[PDB]
> 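Structure incoming, see below.
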Amino acid sequence: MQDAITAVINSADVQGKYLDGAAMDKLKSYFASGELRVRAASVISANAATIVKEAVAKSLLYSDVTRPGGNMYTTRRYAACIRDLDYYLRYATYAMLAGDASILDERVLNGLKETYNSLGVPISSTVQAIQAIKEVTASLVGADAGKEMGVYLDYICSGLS
Amino acid sequence: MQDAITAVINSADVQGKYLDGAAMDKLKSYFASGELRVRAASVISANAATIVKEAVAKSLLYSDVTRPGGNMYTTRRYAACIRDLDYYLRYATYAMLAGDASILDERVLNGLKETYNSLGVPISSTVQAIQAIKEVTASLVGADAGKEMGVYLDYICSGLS
Amino acid sequence: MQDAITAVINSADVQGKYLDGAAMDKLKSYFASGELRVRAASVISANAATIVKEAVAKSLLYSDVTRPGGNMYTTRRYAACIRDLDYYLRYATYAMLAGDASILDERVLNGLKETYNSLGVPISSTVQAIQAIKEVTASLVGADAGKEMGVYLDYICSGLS
Amino acid sequence: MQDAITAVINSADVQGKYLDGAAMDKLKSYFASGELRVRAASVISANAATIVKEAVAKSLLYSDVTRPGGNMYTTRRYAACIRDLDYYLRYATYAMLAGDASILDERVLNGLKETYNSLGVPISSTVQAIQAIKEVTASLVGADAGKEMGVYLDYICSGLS
Amino acid sequence: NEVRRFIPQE
Amino acid sequence: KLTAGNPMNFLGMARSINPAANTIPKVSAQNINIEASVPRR
Amino acid sequence: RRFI
Amino acid sequence: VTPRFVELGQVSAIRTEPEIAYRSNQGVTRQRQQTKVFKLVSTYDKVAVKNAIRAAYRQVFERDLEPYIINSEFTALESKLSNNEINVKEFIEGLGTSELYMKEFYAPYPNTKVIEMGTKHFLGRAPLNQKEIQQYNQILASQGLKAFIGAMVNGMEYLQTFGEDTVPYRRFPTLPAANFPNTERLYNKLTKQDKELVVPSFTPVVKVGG
Amino acid sequence: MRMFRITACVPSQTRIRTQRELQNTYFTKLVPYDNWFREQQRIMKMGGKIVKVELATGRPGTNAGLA
Amino acid sequence: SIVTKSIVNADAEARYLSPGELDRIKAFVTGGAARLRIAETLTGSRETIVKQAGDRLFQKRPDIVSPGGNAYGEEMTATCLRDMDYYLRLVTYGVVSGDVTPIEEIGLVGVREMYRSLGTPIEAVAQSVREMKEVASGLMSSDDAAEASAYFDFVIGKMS
Amino acid sequence: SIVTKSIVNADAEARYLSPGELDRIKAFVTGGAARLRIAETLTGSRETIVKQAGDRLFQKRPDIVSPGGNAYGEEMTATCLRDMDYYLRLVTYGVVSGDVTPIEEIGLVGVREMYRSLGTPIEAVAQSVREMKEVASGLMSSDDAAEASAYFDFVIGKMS
Amino acid sequence: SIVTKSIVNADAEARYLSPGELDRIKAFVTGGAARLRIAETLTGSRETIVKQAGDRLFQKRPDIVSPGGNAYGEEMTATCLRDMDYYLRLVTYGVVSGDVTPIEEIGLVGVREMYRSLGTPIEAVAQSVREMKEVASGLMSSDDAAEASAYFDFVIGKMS
Amino acid sequence: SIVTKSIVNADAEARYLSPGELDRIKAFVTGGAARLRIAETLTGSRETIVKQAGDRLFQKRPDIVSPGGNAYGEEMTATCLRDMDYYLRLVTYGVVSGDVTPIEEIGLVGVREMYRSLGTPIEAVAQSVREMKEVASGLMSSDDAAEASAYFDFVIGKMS
Ligand SMILES: *[C@H](C)[C@H]1/C(=C/c2[nH]c(/C=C3N=C(/C=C4\NC(=O)C(CC)=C4C)C(C)=C\3CCC(=O)O)c(CCC(=O)O)c2C)NC(=O)[C@@H]1C
Ligand SMILES: *[C@H](C)[C@H]1/C(=C/c2[nH]c(/C=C3N=C(/C=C4\NC(=O)C(CC)=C4C)C(C)=C\3CCC(=O)O)c(CCC(=O)O)c2C)NC(=O)[C@@H]1C
Ligand SMILES: *[C@H](C)[C@H]1/C(=C/c2[nH]c(/C=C3N=C(/C=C4\NC(=O)C(CC)=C4C)C(C)=C\3CCC(=O)O)c(CCC(=O)O)c2C)NC(=O)[C@@H]1C
Ligand SMILES: *[C@H](C)[C@H]1/C(=C/c2[nH]c(/C=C3N=C(/C=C4\NC(=O)C(CC)=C4C)C(C)=C\3CCC(=O)O)c(CCC(=O)O)c2C)NC(=O)[C@@H]1C
Ligand SMILES: *[C@H](C)[C@H]1/C(=C/c2[nH]c(/C=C3N=C(/C=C4\NC(=O)C(CC)=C4C)C(C)=C\3CCC(=O)O)c(CCC(=O)O)c2C)NC(=O)[C@@H]1C
Ligand SMILES: *[C@H](C)[C@H]1/C(=C/c2[nH]c(/C=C3N=C(/C=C4\NC(=O)C(CC)=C4C)C(C)=C\3CCC(=O)O)c(CCC(=O)O)c2C)NC(=O)[C@@H]1C
Ligand SMILES: *[C@H](C)[C@H]1/C(=C/c2[nH]c(/C=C3N=C(/C=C4\NC(=O)C(CC)=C4C)C(C)=C\3CCC(=O)O)c(CCC(=O)O)c2C)NC(=O)[C@@H]1C
Ligand SMILES: *[C@H](C)[C@H]1/C(=C/c2[nH]c(/C=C3N=C(/C=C4\NC(=O)C(CC)=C4C)C(C)=C\3CCC(=O)O)c(CCC(=O)O)c2C)NC(=O)[C@@H]1C
Ligand SMILES: *[C@H](C)[C@H]1/C(=C/c2[nH]c(/C=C3N=C(/C=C4\NC(=O)C(CC)=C4C)C(C)=C\3CCC(=O)O)c(CCC(=O)O)c2C)NC(=O)[C@@H]1C
């Protein structure tokens with residue numbers, strides 16, 4: 001895992017260089033964004049359950065996936081689907097705070113396609129659900145923070161597609 | 001895995017259907033067959049060792065398979081072989097009791113053809129030994145039960161080739 | 001793993017025959033070199049750390065491999081490369097004692113390229129370090145023993161490319 | 001463990017004797033009580049949660065045991081205490097069905113006194129609670145069944161003492 | 001009493 | 001021809017040894033008193 | 001000991 | 001008219017048997033439910049003790065031992081477990097440190113594959129991450145096989161999952177990422193099915209130092 | 001090898017288990033000498049109380065011949 | 001199904017089913033016809049069981065069907081009956097199976113998470129099943145009702 | 001017995017006995033008079049069962065009663081027939097108890113190791129039991145023979 | 001061989017061979033010609049070794065060649081003598097290799113399962129190995145015979 | 001980094017970052033300029049920090065720069081100062097990140113293996129870092145020195 005700060009440090013380390021003025025500019029840019037990221041993260045955590053509930057309502061419910069024979073059908077599978085959506089939102093919040101998507105490549109996407117394809121989880125439906133999560137959280141945290149969270153939720157979706 | 005009852009139940013659940021007339025018929029048919037299944041199962045277990053012994057004697061003894069250079073040569077390989085035959089008889093009896101071959105797909109055939117090709121186990125000889133097991137079991141359980149075991153032992157044979 | 005003696009014994013057992021003259025000569029050949037192999041394994045085990053240390057000093061140090069951005073850079077990756085060279089010398093010594101590279105095939109090379117490719121370990125640099133292990137080892141076990149050790153250190157290098 | 005049936009068998013096995021008339025007259029007695037035992041065991045199973053609730057209410061609740069400083073205080077301990085009372089009623093039902101307290105010796109009292117002593121679980125209050133379970137049980141299954149259930153709850157109480 | 005053979009069954 | 005391990009290769013040896021089977025024994029569970037004949041070391 |  | 005609540009539970013269009021079979025077996029395998037967990041709660045029942053022991057052999061060695069032993073080398077270990085002198089955890093470690101285990105799942109494979117077969121047998125799962133692969137690779141490189149088994153079975157994860165009285169069993173972990181599919185690939189192969197590494201190493205996302 | 005015979009009472013902290021648990025709560029077991037430090041640390045971290053420790057096998061003070 | 005459970009248990013111990021297990025399966029298949037009749041009763045009266053249960057439910061929990069409630073309106077109310085229909089259907093699966101396994105595997109594992117996410121008062125779902133149990137009991141003999149109630153009671157316990 | 005077996009299974013799941021399990025017990029404790037009848041038959045005719053089966057075994061396996069055989073001589077032949085009486089006795093325990101656990105715990109755990117240390121060809125011991133089964137069948141009605149057949153077959157399967 | 005036995009032992013401890021392990025490999029290679037001579041003796045005299053051992057065996061165990069016995073009849077006797085030749089060929093593998101690894105992996109691993117399935121009495125197979133050991137130990141010097149005996153005895157100990 | 005460290009701590013518990021963690025992150029970003037100034041100070045005076053500290057080290061440990069010492073000779077002496085430069089740069093990474101993981105992952109995991117392989121006396125390396133901590137501390141105010149000292153002490157505490 002790598003955040004915005006360690007991205008600067010790693011780029012200097014691979015060249016064996018101390019941090020110069022340009023590198024300090026990048027760290028300053030991230031420090032200036034810190035307040036925005038922290039406030040958004042606290043709002044999302046306090047509303048995580050409701051964010052997913054509304055994302056599910058507008059994207060999954062009353063469709064083939066919830067009718068008998070569907071992948072979300074049965075209480076276990078419905079519960080697993082909500083749990084997965086909780087994970088995506090929680091790791092996007094990590095990524096948004098870190099300002100770096102590498103956590104998504106490492107702790108979310110690694111082997112995810114293989115998992116879903118072996119279970120028969122509908123990839124398009126989960127992508128539509130995450131996009132619904134992106135829309136819902138944007139209307140909660142604002143356009144600027146909504147667009148920042150949109151990057152990391154869109155990163156997950158592009159990983160799955 | 002699924003038995004005859006849960007196959008009907010699960011296929012009804014996938015379609016969101018209460019058990020209709022056709023389903024009730026299938027359940028009645030399995031219930032009527034139940035007594036003969038438990039009797040055959042009790043017979044096979046009492047004769048499991050003797051069944052495999054006779055099947056090996058009549059299919060895999062005094063051939064090039066048991067001689068040096070044959071895949072049954074050496075005691076460890078001979079033991080592994082008759083251990084394998086014991087697997088097929090026991091799981092074929094599970095499937096007979098369940099009235100459903102799914103346990104064979106799940107707990108017997110998964111990866112078996114690959115495993116035998118890796119170790120050089122001759123599948124042709126193996127299917128012959130299973131066929132011999134089919135003949136020997138039929139003589140002990142009867143004709144009706146013998147055919148039922150024949151179905152599932154044949155299922156294993158066809159899954160090997 | 002099979003050693004030279006095992007290969008002779010297995011070559012005859014697979015035919016189900018006693019050891020004839022030709023097999024006895026293969027055993028005699030191995031018996032002749034027993035002191036050569038045992039003496040070399042004694043000195044190698046005495047100088048294992050030294051052989052790797054000087055093989056690294058002569059092959060990897062003060063190059064871009066150990067400088068920032070090189071795969072040996074960072075203390076963690078330095079230790080990992082040292083540990084790997086300890087493997088290759090200890091297993092090459094096993095192969096030399098056994099007069100047979102089966103142990104290298106089974107315990108070393110199986111999946112090694114997959115591992116290194118996933119971690120980004122440079123093969124060519126790894127081959128240089130092993131070849132340097134060979135030259136250092138030869139200067140310590142004499143020329144005859146270093147010739148036999150070279151066969152099995154070359155075997156690893158061949159299996160890596 | 002041993003039930004009433006296997007107690008008769010064991011008394012004959014250790015003498016190497018086939019069950020004689022007197023031994024059969026023991027087995028007839030147990031077969032004659034089978035109906036009442038099975039009836040009572042079904043009543044308790046249906047009222048199990050209710051029995052402990054009522055036994056707890058008249059024995060533990062609103063005393064120092066449940067108040068701060070008492071060993072039932074805190075939710076963990078209250079729940080653990082009810083879980084233990086669930087144990088006692090359920091295992092005494094086993095011993096009632098079998099007509100033999102051996103299962104109590106092997107699965108209830110084996111190491112219980114040492115465990116309670118180390119954790120500070122008060123025995124006297126646990127005995128008081130069990131006695132309440134006995135009285136509540138008696139009012140629900142009858143007089144003779146409650147007499148037999150009382151025998152096996154008294155066995156635990158004296159066992160704990 | 002049976003006499004077992006050492007020939008492969010056909 | 002016969003290959004290695006084939007029991008035919010020892011048929012000649014088996015006939016040469018010509019092992020002597022025990023005579024069909026004269027035993028009868030009917031005549032045996034079980035409780036009296038079982039050793040009591 | 002030389003690194004050159 | 002058809003009651004609305006009936007229409008709200010209806011399946012669109014007719015479903016053919018293929019669709020029915022696919023939909024009936026979708027999701028996590030029923031093997032997660034259709035199993036038995038051997039938890040030795042007492043040593044009075046010798047039949048249960050023996051059943052737990054034989055399950056232990058099948059878990060650690062992947063099948064019954066008879067066709068690849070001459071005589072049993074675990075008899076004293078079974079005697080200790082049966083006499084309540086050790087626990088199931090000690091019995092399980094005794095199996096992993098045995099010469100039989102070394103022959104079966106150490107000598108035929110490189111230490112990289114020894115790691116994943118180790119976690120499969122004793123933890124029920126594929127290795128978590130590269131840190132875990134590193135941690136066990138150093139143990140194998142420096143102390144050998146017995147140290148590796150001892151590390152797994154005496155770790156906090158083992159005790160929290162299987163405890164002292166329970167035979168390990170196949171797990172279906174949800175987290176972390178890739179643990180479920182890797183564990184699935186390990187447990188969907190027969191013994192000696194092939195000589196391939198399921199988890200040779202985790203491809204790093206950010207190379208520290210490179 | 002040297003072995004300890006240890007008695008320990010390990011409570012339950014974050015769950016109310018419903019199966020029988022006495023066997024994994026208060027137990028006496030043999031621990032190889034080379035595992036006791038690690039095992040003792042683990043029991044301590046799980047909240048366990050080590051109630052008795054004995055050197056069941058081996059002798060105190062041995063320098064050579066530990067097996 | 002006891003048949004699946006026995007095979008699972010037997011294969012976990014790598015053994016043939018014991019004589020006791022085979023006897024249980026024998027008694028299970030013999031009692032199949034009585035189980036099937038009870039299933040037919042519940043299956044036949046499906047629509048009236050749900051409708052009357054729903055009316056009883058709304059009588060004693062009017063909030064859930066009044067404005068602001070989870071089931072307020074025609075569509076949401078039908079969904080509530082649809083859910084009740086689901087659980088009645090699972091009860092028939094269990095009745096025929098002779099076991100709660102179809103009930104638990106299909107409609108109870110994680111049910112609490114599902115209804116919490118939807119904002120459905122779970123204690124009212126448990127009430128609805130209680131209502132269906134009372135209605136169904138009055139459509140079958142006392143013995144038949146007692147056998148069917150174990151499956152209704154299983155659902156109710158898991159919703160509490 | 002049947003009761004202990006049910007309790008053990010129920011205890012392994014930390015639950016009260018199922019109403020079905022309480023049905024098998026209830027039927028057993030009311031059908032027991034027939035079980036005692038089978039035990040009386042086998043007990044009363046144990047001598048003829050063992051001796052007729054013993055003679056049948058020696059017909060099929062004369063070698064075991066020949067010089068070099070494990071039962072050669074009257075002292076060993078008596079001991080062989082003595083072991084047959086044991087296993088017949090253990091079968092009456094199984095029939096009366098309604099379960100094989102009495103049999104397995106007395107005479108089948110480690111039976112291979114005992115007969116290995118003695119030199120007895122356990123296969124022949126399996127043959128003797130199925131000889132006693134055939135002779136016992138003739139002394140009993142079909143239904144009685146089927147009831148006792150499971151406990152005979154169980155012993156045979158655990159010697160084979 | 002002794003080489004693979006040592007290597008596997010050291011590899012499991014992530015270590016080089018100890019001084020003692022190298023010592024016995026050095027001794028093994030030094031005394032190689034003596035082992036090849038002992039192996040040469042057994043191979044040349046195999047026919048007389050097995051026959052005279054086969055003859056001795058059946059005189060101690062006449063039952064196995066009597067009716068019902070495993071080796072009853074000439075054809076089964078021929079199979080039994082074949083098995084003796086197998087285990088003779090394996091003893092010569094043991095001597096040349098200095099380790100019982102060729103014996104275990106070819107003829108002892110799982111052997112009890114093989115002979116149990118065939119009904120062959122295992123203790124009688126061990127006896128036939130004794131007989132071959134005696135016939136063999138009289139065809140060579142005591143020192144050579146003593147080395148050969150150790151490998152015969154290993155089989156006798158494991159089969160017994 | 002402080003952000004990564006708290007994220008991995010929160011992920012390990014499958015939870016969102018706690019208010020305490022979020023407040024620590026907020027303070028760190030808001031005090032960001034003060035830390036970068038300290039890193040700028042260390043970076044700019046890296047030549048004199050390493051040279052003076054290296055000069056002091058060889059006075060404190062003359063053996064390492066004597067015949068048979070690991071740093072004997074100008075070339076080995078250069079590599080020792082290079083290594084000190086490595087560790088100083090890592091300290092500046094730790095300063096700006098508010099966490100030691102960048103130091104640990106780059107230059108402390110396996111450091112004992114690396115230096116024992118090279119023959120370097122590791123405790124003298126701890127001394128060299130210690131010397132750099134004094135020289136650096138004397139180039140800044142006490143409060144700034146305290147912030148940098150924590151990371152110097154972490155390196156010292158790990159190698160030593
Ligand atoms: C009626 C007693 C209560 C009630 C019900 C209610 N449910 C929903 C919505 C859903 N219910 C389910 C249920 C299931 N799916 C399954 O797979 C299973 C097992 C087979 C069950 C029980 C689902 C999945 C939904 C989501 C909608 C969909 O089916 O796609 C609602 C509507 C909630 C909303 O806002 O949409 C209602 C009203 N509500 C009450 O208040 C009663 C206590
Ligand atoms: C919801 C939008 C969709 C859906 C979900 C669904 N998922 C599963 C099963 C699993 N989901 C995961 C996912 C992860 N594991 C991880 O570690 C991470 C990284 C953060 C992720 C994303 C896994 C591993 C599984 C399998 C294991 C498990 O379920 O515990 C299911 C099936 C559950 C089942 O028990 O069968 C479902 C239903 N399904 C849909 O239809 C939606 C589109
Ligand atoms: C002779 C001392 C005893 C004896 C022998 C006997 N064996 C068989 C049959 C077989 N024996 C083997 C043995 C081996 N195969 C191997 O690969 C190895 C190691 C290389 C061994 C030892 C096998 C495989 C068989 C099966 C026959 C076949 O070759 O295909 C028999 C005949 C069994 C029958 O009834 O057919 C006999 C008689 N029997 C005794 O009584 C002696 C104590
Ligand atoms: C006997 C009729 C034939 C024969 C058999 C033979 N099999 C093996 C090895 C294995 N067989 C299996 C098969 C299974 N394992 C399972 O768990 C199941 C599912 C229930 C099956 C079907 C496996 C996995 C192995 C390898 C692992 C193991 O042995 O435990 C061998 C040994 C091969 C070797 O090289 O050792 C043999 C000899 N061989 C024949 O010639 C017969 C035709
Ligand atoms: C040294 C010459 C080169 C080098 C090595 C290097 N290797 C790793 C990591 C690993 N190496 C292995 C190797 C093996 N495992 C086995 O079981 C066997 C058979 C004996 C071998 C050879 C493994 C499994 C790993 C991963 C686990 C671990 O690191 O302990 C690294 C680290 C890579 C990383 O970034 O993690 C390195 C540096 N690197 C070079 O540049 C040299 C040319
Ligand atoms: C009030 C919002 C709800 C309510 C409360 C209620 N509680 C009881 C009885 C008890 N409450 C407790 C609780 C605790 N004990 C502890 O140690 C802890 C941790 C601090 C807690 C929370 C206990 C143990 C009891 C038992 C009585 C006793 O203290 O001895 C009652 C009485 C129930 C009865 O029938 O006696 C009530 C009424 N009831 C409601 O309906 C509200 C939702
Ligand atoms: C035989 C001469 C006498 C006899 C023996 C007997 N012993 C037990 C039970 C046990 N014996 C041991 C002993 C050991 N286990 C070991 O691992 C070792 C060290 C290598 C030894 C010495 C143990 C531990 C037990 C208990 C556990 C177990 O069953 O293995 C029994 C069985 C008692 C019972 O009912 O469980 C018996 C019969 N009995 C005699 O009468 C002989 C005089
Ligand atoms: C209730 C009447 C009294 C009470 C109970 C209480 N018990 C515990 C903890 C444990 N209770 C047991 C008992 C058993 N476990 C079993 O498996 C069985 C055999 C079937 C029995 C009888 C055990 C083992 C424990 C410890 C482990 C665990 O809880 O799983 C507690 C909590 C102790 C603590 O401090 O953690 C309590 C409160 N306490 C009273 O005051 C009542 C009089
Ligand atoms: C100086 C205080 C001490 C000292 C130093 C010394 N080091 C070496 C050689 C090397 N040092 C390293 C170190 C690192 N590589 C990394 O990636 C990291 C980043 C954190 C570190 C710290 C390496 C890799 C080498 C090898 C040479 C190379 O750079 O390629 C030497 C030379 C030893 C030799 O014989 O060549 C010396 C002298 N020596 C002392 O005595 C001081 C205590």
Side-chain angles (χ1 to χ4, degrees), chain B residues 118-119, chain C residues 1-4 6-7 10 37 41 44 48 51-52 55 59-60 71 80-134 137 148-161, chain H residues 102-118 127 133-134 136-138 140-141 144-145 148 189 192-203, chain L residues 3-4 7-8 10-12 14-16:
Chain B
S118 286
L119 298 178
Chain C
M1 64 157 300
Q2 62 161 43
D3 65 10
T6 300
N10 288 344
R37 304 164 184 291
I44 280 167
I51 283 164
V52 164
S59 198
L60 299 174
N71 193 247
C81 186
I82 295 304
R83 175 171 52 250
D84 281 21
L85 291 170
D86 304 318
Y87 279 155
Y88 300 135
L89 186 58
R90 175 161 65 85
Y91 282 108
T93 311
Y94 292 158
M96 173 267 290
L97 280 165
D100 184 271
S102 73
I103 189 157
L104 309 188
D105 270 315
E106 307 189 329
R107 296 289 317 270
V108 170
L109 287 166
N110 173 35
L112 184 50
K113 293 174 73 171
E114 289 196 318
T115 292
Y116 274 4
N117 273 318
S118 75
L119 296 172
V121 170
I123 297 299
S124 61
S125 291
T126 303
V127 160
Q128 297 169 55
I130 293 165
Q131 288 176 359
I133 286 280
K134 161 160 94 75
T137 307
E148 187 65 14
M149 269 300 291
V151 170
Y152 302 103
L153 296 164
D154 281 311
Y155 191 81
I156 297 165
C157 294
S158 292
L160 273 172
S161 80
Chain H
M102 183 280 298
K103 284 157 163 42
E104 290 294 324
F105 295 101
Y106 181 76
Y109 312 107
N111 284 342
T112 310
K113 186 162 181 186
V114 171
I115 288 151
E116 79 186 4
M117 300 315 160
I133 285 180
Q134 292 163 6
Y136 294 142
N137 195 31
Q138 292 99 23
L140 286 174
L145 166 56
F148 168 46
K189 280 185 207 232
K192 293 193 208 169
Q193 183 168 317
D194 55 31
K195 307 279 277 295
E196 292 224 349
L197 267 165
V198 174
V199 187
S201 292
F202 295 74
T203 288
Chain L
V3 175
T4 287
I7 287 165
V8 165
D11 192 356
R15 64 163 177 81
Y16 284 83

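Protein chains get the first letters and strands the later ones, always in sequence-line order, with residue 1 at the start of each. All values below come from the heavy atoms of this structure, side chains included, with hydrogens, waters and symmetry mates left out.
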> Establish, from distance only, whether the side-chain atoms of C:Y87 and C:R83 form a donor-acceptor pair under 3.5 Å.
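No.
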
> Rounded at 0.5 Å granularity, tell me how far OG1 in H:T203 sits from CG in C:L119.
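So the gap between those two atoms works out to 7.5 Å.
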
> Using the side-chain hydrogen bond (donor to acceptor under 3.5 Å, both in side chains) rule, collect all pairs that involve residues 117-129 of chain C, keeping only residues at least two apart or in two chains.
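Listed once each, the pairs would be none.
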
> Can you give me the closest heavy-atom contact between C:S59 and C:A132, atom names plus distance?
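Closest pair (atom of C:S59, atom of C:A132, distance): CB-CB, 3.6 Å.
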
> On a heavy-atom basis, which atom in L:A14 and which in H:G144 lie closest, and how many Å separate them?
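Scanning both residues, the minimum pair turns out to be CB-N, 3.8 Å.
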
> Is any side-chain heavy atom of C:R37 closer than 4.5 Å to one of L:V3?
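When only atoms from C-beta onward are counted, C:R37 and L:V3 do not touch, as no gap falls below 4.5 Å.
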
> How close do C:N71 and C:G120 get, counting heavy atoms only, and between which atoms?
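So the two residues come closest at ND2-O, 3.7 Å.
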
> Look up atom CD in H:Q134 and atom CD1 in H:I115, then write down how far apart they are to the nearest 0.5 Å.
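Answer for the CD-CD1 pair, H:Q134 versus H:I115, is 10.0 Å.
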
> Side chain to side chain contact (heavy atoms under 4.5 Å, CB included) between C:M149 and C:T93: does it pass, once the steps are laid out?
CA-CA 7 Å; C:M149 269 300 291; C:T93 311; 4.1 Å; yes

> Within the structure provided, determine whether C:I133 and C:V52 are in side-chain contact (heavy-atom separation under 4.5 Å).
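Sidechains of C:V52 and C:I133: in contact.
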
> Determine whether a donor-acceptor pair (N or O, by modelled atom type, separation under 3.5 Å) exists between the side chain of H:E116 and the backbone of H:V199.
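Yes, H:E116 side chain to H:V199 backbone: donor-acceptor pair under 3.5 Å.
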
> Could you list the donor-acceptor pairs under 3.5 angstrom formed between side-chain atoms of residues 96-113 of chain C and any protein atom two or more places apart in sequence or on another chain?
unit_1, atom_1, unit_2, atom_2, d
C:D100, OD1, C:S102, N, 2.8
C:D100, OD1, C:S102, OG, 3.0
C:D100, OD2, C:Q2, NE2, 3.2
C:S102, OG, C:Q2, N, 2.7
C:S102, OG, C:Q2, O, 3.1
C:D105, OD1, C:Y155, OH, 3.1
C:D105, OD2, C:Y155, OH, 2.3
C:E106, OE1, C:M1, N, 2.8
C:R107, NE, H:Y109, O, 2.8
C:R107, NH1, L:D11, OD1, 3.4
C:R107, NH1, L:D11, OD2, 2.6
C:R107, NH2, C:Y91, OH, 2.9
C:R107, NH2, H:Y106, OH, 3.0
C:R107, NH2, H:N111, OD1, 3.0
C:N110, ND2, H:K195, O, 3.2
C:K113, NZ, C:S161, O, 3.2

> So, for H:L145 and H:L140, which heavy atoms are closest and what is the spacing to 0.1 Å?
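Closest approach of H:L145 to H:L140: CA-CD2, 4.0 Å.
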
> Are any side-chain N or O atoms of L:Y16 and backbone N or O atoms of C:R90, one a donor and one an acceptor, separated by less than 3.5 Å?
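The answer is yes, because a donor-acceptor pair under 3.5 Å joins these two groups.
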
> Less than 3.5 Å apart, any donor N or O on the side chain of C:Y116 or C:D84 sitting next to an acceptor on the other?
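The criterion, which ignores hydrogens and geometry beyond distance, is satisfied for C:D84 and C:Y116.
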
> Distance check, rounded to the nearest 0.5 Å: C:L153 atom CG versus C:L89 atom CG?
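Separation between the atoms: 7.0 Å.
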
